[PDB]
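K.L.:
Take this structure, written in C-alpha coordinates, and hold onto it; I'll ask about it next.
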Amino acid sequence: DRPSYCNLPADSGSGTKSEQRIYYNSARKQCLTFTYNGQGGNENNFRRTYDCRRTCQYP
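So in PDB author numbering, spot 56 of the sequence shown is number 57, and the numbers just go up one at a time.
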(Lines of atoms letter the chains of each structure in order from A and count residues from 1; the text may use other names and numbers.)
(Lines give C-alpha, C1' and ligand atoms only; values in the text may rest on other atoms or scores of the structure.)
Protein backbone atom coordinates (compact mmCIF):
# COMPACT_ATOMS: atom_id res chain seq x y z
CA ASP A 1 0.00 0.00 0.00
CA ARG A 2 1.03 3.63 -0.48
CA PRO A 3 2.91 4.91 2.62
CA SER A 4 0.81 7.38 4.58
CA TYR A 5 3.37 10.18 4.34
CA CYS A 6 3.04 10.20 0.53
CA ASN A 7 -0.22 12.13 1.18
CA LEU A 8 1.45 14.99 3.13
CA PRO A 9 2.26 18.36 1.54
CA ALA A 10 5.92 19.19 1.07
CA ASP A 11 7.53 20.70 4.18
CA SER A 12 10.59 22.96 3.91
CA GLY A 13 11.54 22.39 7.56
CA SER A 14 14.20 24.53 9.22
CA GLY A 15 17.92 25.15 8.89
CA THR A 16 20.46 27.12 6.88
CA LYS A 17 20.64 24.81 3.85
CA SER A 18 18.84 25.15 0.51
CA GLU A 19 18.45 21.62 -0.88
CA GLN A 20 16.34 20.56 -3.85
CA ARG A 21 14.31 17.53 -2.78
CA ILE A 22 11.47 15.53 -4.33
CA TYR A 23 8.01 14.91 -2.91
CA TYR A 24 5.01 12.94 -4.15
CA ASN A 25 2.06 15.15 -5.08
CA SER A 26 -0.85 12.72 -4.83
CA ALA A 27 -3.41 15.03 -6.46
CA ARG A 28 -1.18 15.60 -9.50
CA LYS A 29 0.13 12.00 -9.51
CA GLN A 30 3.64 13.41 -9.95
CA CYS A 31 6.95 13.49 -8.09
CA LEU A 32 7.88 17.19 -7.93
CA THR A 33 10.68 19.43 -6.62
CA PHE A 34 10.67 21.53 -3.45
CA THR A 35 13.25 23.44 -1.40
CA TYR A 36 14.28 21.82 1.88
CA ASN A 37 16.04 23.88 4.54
CA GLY A 38 17.98 20.89 5.94
CA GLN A 39 16.20 19.90 9.16
CA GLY A 40 12.77 18.70 10.22
CA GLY A 41 9.88 18.45 7.77
CA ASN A 42 8.14 15.13 7.05
CA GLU A 43 9.02 11.84 5.34
CA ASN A 44 7.64 12.92 1.91
CA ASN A 45 11.18 14.01 1.12
CA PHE A 46 13.40 12.17 -1.37
CA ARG A 47 16.89 12.90 -2.68
CA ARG A 48 16.20 11.22 -6.05
CA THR A 49 13.12 11.25 -8.27
CA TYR A 50 13.46 7.49 -8.86
CA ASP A 51 13.14 6.78 -5.13
CA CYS A 52 9.96 8.85 -4.89
CA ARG A 53 8.53 6.88 -7.82
CA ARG A 54 9.37 3.48 -6.32
CA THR A 55 8.11 4.37 -2.83
CA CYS A 56 5.07 6.57 -3.49
CA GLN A 57 4.03 6.50 -7.14
CA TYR A 58 4.24 2.71 -7.76
CA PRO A 59 3.98 1.26 -4.23
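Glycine included, every Cβ here is placed at the ideal spot set by N, Cα and C.
1. Helix, strand or coil for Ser-27, going by three-state DSSP, please let me know.
2. Let's test the definition: count the other Cβ atoms within 10 Å of the Cβ of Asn-43 and tell me whether it reaches 16, buried, or not, exposed.
3. Considering Cα atoms alone, identify which of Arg-3, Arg-22 and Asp-2 is closest to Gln-40.
4. Would DSSP call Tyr-59 helix, strand or coil?
5. My understanding is that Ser-13 touches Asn-45, with C-beta atoms under 8 Å, so please give their C-beta distance in whole angstroms.
P.N.:
With the given structure in hand:
1. coil
2. exposed
3. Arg-22
4. coil
5. Incorrect: roughly 12 Å between the Cβ atoms, too far for contact.
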